[PDB]
Amino acid sequence: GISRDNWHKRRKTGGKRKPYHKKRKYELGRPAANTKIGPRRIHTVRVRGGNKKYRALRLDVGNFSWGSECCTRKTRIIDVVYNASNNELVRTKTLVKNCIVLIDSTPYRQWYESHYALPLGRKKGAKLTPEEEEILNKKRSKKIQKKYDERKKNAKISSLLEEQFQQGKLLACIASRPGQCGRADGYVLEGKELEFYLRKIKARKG
Amino acid sequence: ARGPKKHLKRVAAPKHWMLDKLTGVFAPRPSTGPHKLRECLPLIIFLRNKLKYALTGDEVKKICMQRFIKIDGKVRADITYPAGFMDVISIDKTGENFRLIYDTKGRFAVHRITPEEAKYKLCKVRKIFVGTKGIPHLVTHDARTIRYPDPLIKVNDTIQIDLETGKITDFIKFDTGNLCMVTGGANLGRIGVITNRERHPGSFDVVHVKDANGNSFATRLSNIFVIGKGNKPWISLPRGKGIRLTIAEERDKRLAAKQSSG
Amino acid sequence: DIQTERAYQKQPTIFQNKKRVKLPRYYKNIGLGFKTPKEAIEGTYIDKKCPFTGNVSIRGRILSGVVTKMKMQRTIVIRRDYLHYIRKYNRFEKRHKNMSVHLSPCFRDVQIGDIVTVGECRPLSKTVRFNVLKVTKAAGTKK
RNA sequence: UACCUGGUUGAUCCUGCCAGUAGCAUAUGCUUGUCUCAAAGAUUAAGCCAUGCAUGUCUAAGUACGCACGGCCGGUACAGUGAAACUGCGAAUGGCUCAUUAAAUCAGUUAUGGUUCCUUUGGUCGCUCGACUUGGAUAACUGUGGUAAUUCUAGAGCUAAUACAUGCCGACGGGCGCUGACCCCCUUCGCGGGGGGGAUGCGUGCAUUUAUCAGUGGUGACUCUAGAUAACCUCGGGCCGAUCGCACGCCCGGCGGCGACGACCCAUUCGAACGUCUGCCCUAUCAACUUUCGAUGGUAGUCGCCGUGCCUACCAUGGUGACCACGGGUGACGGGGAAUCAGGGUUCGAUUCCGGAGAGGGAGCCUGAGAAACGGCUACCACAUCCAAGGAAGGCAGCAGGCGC
RNA sequence: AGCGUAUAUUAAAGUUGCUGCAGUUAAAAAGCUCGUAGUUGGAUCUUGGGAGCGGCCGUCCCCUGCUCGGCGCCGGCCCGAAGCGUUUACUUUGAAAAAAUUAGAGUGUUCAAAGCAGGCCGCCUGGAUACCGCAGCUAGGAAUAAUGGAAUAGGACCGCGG
């Protein structure tokens with residue numbers, strides 16, 4: 001099949017190697033997962049030593065970590081924006097490790113709001129008619145308010161994250177190989193990384 | 001090959017088994033076990049060739065399949081089971097106890113012990129290891145794990161285990177002025193007192209050892225096994241006490257004993 | 001100045017987006033009595049294969065050569081000269097074996113003819129298996 | 001034992017080769033009483049093969065309702081021996097040959113802190129807070145068939161499991177991190193300020209994947225081994241015993257040892273795999289070679305058991321050479337070794353031990369811990385067997401043996 | 001109870017010459033000079049004492065300086081140790097190096113080639129040792145042979161100013 005070995009190609013000098021043995025098994029090669037965005041699809045692969053290796057073929061959810069304040073939530077992937085390796089992997093919207101994807105902002109917003117007693121997203125003037133969010137932002141007992149006021153002291157999020165929350169899609173980087181483990185675990189882009197990537201996609205925009 | 005080998009040609013077999021050339025083609029490929037294949041002595045070789053109870057492979061099978069032999073207080077009915085350095089072979093019906101320890105030369109001694117001494121053994125620690133919930137583990141030379149050791153034992157110390165319970169009684173710490181047997185190299189079976197350890201970052205640390213007659217010899221730290229505090233052996237030693245007198249002296253002792261014998 | 005390529009250059013060990021109210025550097029001593037140099041501790045480059053500030057561990061052989069070429073990037077060719085002993089004629093013959101070697105951007109100003117000590121580590125590339133640990137400048141070079 | 005002798009001239013002294021002289025190992029000639037050892041289809045054809053064998057397997061301990069034998073009182077399922085068959089395991093070792101192969105193989109030296117590991121051995125196996133034993137098929141066996149044909153098999157009726165599946169209870173009473181209703185106490189007249197408890201809800205163990213924080217043991221050196229926190233858990237599924245055998249017990253229906261088998265993870269053993277440094281025969285009538293279809297590096301991935309141009313994308317213009325690269329030849333598998341030898345040395349090493357490669361030539365894969373396996377499968381070239389003419393089965397460089405050479 | 005022939009190879013072959021050949025005339029020195037790799041390169045830096053035993057003789061010892069307990073004595077001296085010291089080639093020691101083969105210790109296979117056995121009126125033995133170039137590793141030596149150090153002083157040391 002596909003051989004993954006050194007003896008098929010030229011030496012440090014540029015001489016041709018003559019193959020002293022035919023293709024071995026341990027010099028193996030399987031086709032690329034090229035994992036897409038759809039409903040969950042994973043196929044199992046029996047690998048060397050009789051272990052298992054999961055091919056994510058389609059994947060829409062992943063365990064992402066906004067690790068500024070240590071808040072990680074399982075989130076719904078929507079589409080891919082930028083890819084450092086190749087540009088056609090964004091056209092044919094394939095997940096690979098170190099992609100840039102948009103993720104559902106709602107689990108992070110929910111947590112931030114329920115933790116800090118302030119709103120996030122929620123543009124100015126928009127009426128909060130449901131008023132179960134009212135009970136999450138109001139009605140505290142005596143000393144719990146001492147706890148939530150010494151908390152919300154350092155509740156200040158950065159502007160470039162606020163912008164994304166107001167739209168409703170955060171930028172995250174896939175830190176787990178989706179082809180190998182059958183996952184899409186990542187982390188939300190922040191500060192210097194976020195500025196660098198927003199600029200790279202705007203140069204791509206033109 | 002395309003997998004693990006199962007045969008061992010009689011010429012390619014470890015030499016200290018002292019196998020002849022014209023008996024057969026193959027030698028007993030020792031079963032996998034606690035000791036290494038080149039540093040073991042298979043139960044078949046010890047039982048039939050040294051003691052000469054059995055005459056053939058069938059007789060060794062017959063002697064052991066009656067559950068008679070007991071290596072480290074546990075019954076073994078396996079002819080190619082690797083019995084190695086610091087083991088207590090306990091044949092129950094004859095009422096004998098043997099301990100495998102290196103003769104003055106590069107071979108195993110048929111060394112009979114007392115049943116009071118045949119209830120412990122002297123294990124060297126190979127690695128100290130932190131468990132899954134801060135549970136410290138020892139791993140000894142004979143592939144034997146003990147968890148919750150002494151918090152003092154470290155990576156080149158010797159421990160004394162009880163043979164039924166399998167737990168530490170005492171330990172000899174690796175430092176100067178401690179009895180050590182050499183268990184590898186050309187100095188295989190020399191008993192001496194540690195003189196100096198010389199650290200070599202990246203390479204193998206070399207340890208200088210002094211014999212009982214002011215004979216001094218070095219060996220890399222991999223091939224050392226401390227068996228005593230000061231000059232005190234913690235087990236019984238074989239006849240000679242790991243000295244290795246010269247071929248000139250060994251000639252003199254042999255023929256002088258022959259002259260006096262007649 | 002750094003982060004020229006598509007992907008974001010950073011040290012994977014440290015976290016750089018801690019909520020607050022200069023960047024700390026990951027580095028390590030590499031043993032065998034080698035001094036972790038100053039451009040490693042203080043500097044602001046990103047190198048996977050820098051033996052002081054990156055993911056690579058020195059183990060096995062430690063050799064020395066003399067710098068020949070420095071044309072390919074973050075890598076040098078050193079030239080190791082020895083004598084081979086033919087036994088028929090009780091004489092030697094002068095031989096050489098030039099090998100590809102990873103030079104960290106730590107060792108800023110290195111010229112050809114410098115006596116460069118290298119240490120063996122995991123295969124870094126097709127032909128590269130060694131990494132520069134120290135540099136000794138050629139006899140003089142004061143003026 | 002560090003050795004010479006004949007032959008150019010009419011005679012001489014030299015250069016110089018031809019011929020003698022001795023061992024060695026293949027063939028061959030003539031000859032052969034005894035006895036102990038012992039090589040042998042390597043050289044040419046890694047050419048071709050008729051036939052027969054060369055790999056199977058049951059213990060007191062996975063499944064026996066074959067009367068195939070056989071105890072008896074059978075009425076309380078199963079005496080026992082045991083064909084077959086399902087299950088597990090082995091068939092990757094051994095054996096044969098030397099065609100490939102010239103920094104390749106291989107040898108000495110080291111590395112995996114860059115990995116995988118059946119088995120053996122020693123650890124782990126109420127650490128998880130939520131059933132006195134479940135499910136429905138199949139084989140053997142009875143029965144009916146098809147084909148010129150083979151270790152080919154379709155249909156019917158029945159019945160097992162450590163095959164294939166599904167799943168409890170227990171331990172189990174609570175801890176432990178958040179969540180926080182509600183409450184008593186004191187300093188200030190009082191706001192305020194200080195802790196104490198605390199209904200409820202969520203979460204939990206090892207393994208897997210990701211991100212963040214701190215600093216039990218070890219190394220020359222970890223982004224190590226442990227500890228904490230926030231989550232995730234692949235439905236083509238990690239673990240957390242619906243298994244078997246001899247013993248038979250311990251007090252008012254109750255009531256425990258000794259073994260076999262299995263199982264995620266860790267170590268150990270047997271290894272394998274990929275790297276480090278040095279080393280090989282002849283050739284210049286082989287002087288330049290490599291590279292956008294990867295040649296040498298850089299960043300990001302893909303694949304892999306892991307490290308890497310191993311393979312993609314975008315960059316950079318490198319890398320090797322008179323110290324013989326690149327190409328070519330080899331009547332070349334490499335080494336331990338063998339014959340010859342004063343001392344140097346020359347030639348040989350297919351050949352019983354270690355390593356490599358191959359099963360007529362190339363390529364692809366199944367199952368498994370381990371194979372790119374051929375006494376396994378799938379084609380395509382070459383060759384070739386049996387044909388009721390439709391189809392079918394092949395692989396001796398295993399042991400014998402036959403042609404050909 | 002063996003001997004003759006055919007061919008491959010070794011010594012004789014100092015007729016491949018490193019040890020160890022030749023080049024006026026026997027075969028052979030480029031027609032001549034320059035010249036980069038290659039090989040090879042003058043002399044020069046440590047001599048010298050203290051002390052001891054036999055018979056002026058001989059042979060044995062001593063030759064950079066600086067954090068932790070006991071010969072201990074009194075923060076003082078000694079030792080012990082963890083860290084040190086321009087590099088390499090050379091030589092000596094040590095470590096690690098599969099067996100079989102060769103060299104070789106033992107042993108009346110009836111002798112021998114072999115073999116790893118055996119011997120004593122249950123017991124006593126054996127199954128050694130040496131060599132294994134080159135490369136890597138280790139610790140002594142410092143002759144010989146390379147290489148380095150102050151010369152627009154960014155010299156060493158010594159202390160203050162920072």
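Each residue's number is its place along the chain shown, starting with 1.
Structure method, as recorded: electron microscopy, 3.4 Å.
Cβ from N, Cα, C; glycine included.
Marked as N-myristoyl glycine by Swiss-Prot on the basis of similarity to another entry: A:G1. The compositional bias 'Basic residues' feature in Swiss-Prot is assigned to A:7-25. Residues annotated as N6-acetyllysine in Swiss-Prot: A:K36, A:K127. Per Swiss-Prot, the feature phosphothreonine maps to A:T129. Feature annotation from Swiss-Prot assigns phosphoserine to A:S159; the stated evidence is similarity to another entry. Residues or ranges marked as SUMO2 cross-link by Swiss-Prot: A:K169, A:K192.
Overlay of Swiss-Prot annotations on the structure.
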residue: A:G1; record: N-myristoyl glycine; CB count, 10 Å: 10
residue: A:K36; record: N6-acetyllysine; CB count, 10 Å: 16
residue: A:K127; record: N6-acetyllysine; CB count, 10 Å: 6
residue: A:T129; record: phosphothreonine; CB count, 10 Å: 7
residue: A:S159; record: phosphoserine; CB count, 10 Å: 6
residue: A:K169; record: SUMO2 cross-link; CB count, 10 Å: 15
residue: A:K192; record: SUMO2 cross-link; CB count, 10 Å: 14
Alpha-carbon spacing, A:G1 (N-myristoyl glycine) to A:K169 (SUMO2 cross-link), which is rounded to whole Å: 42
Closest of A:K127, A:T129, A:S159, A:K169, A:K192 to A:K36 (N6-acetyllysine), Cα positions, recorded positions only: A:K169
Listed recorded positions (A:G1, A:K36, A:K127, A:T129, A:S159, A:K192) that sit near chain C [CB under 8 A]: A:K192
Candidates A:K127, A:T129, A:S159, A:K169 (recorded positions) - the one closest to A:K192 (SUMO2 cross-link) by CA: A:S159
Rounded Cα-Cα span from A:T129 (phosphothreonine) to the residue listed as 'phosphoserine', Å: 27
Distance from A:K127 (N6-acetyllysine) back to A:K169 (SUMO2 cross-link), taken between C-alpha atoms, in Å: 21
Secondary structure tally of the compositional bias 'Basic residues' (A:7-25) (DSSP, helix then strand then coil): 0 helix, 0 strand, 19 coil
A:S159 (phosphoserine) in three-state DSSP notation: helix
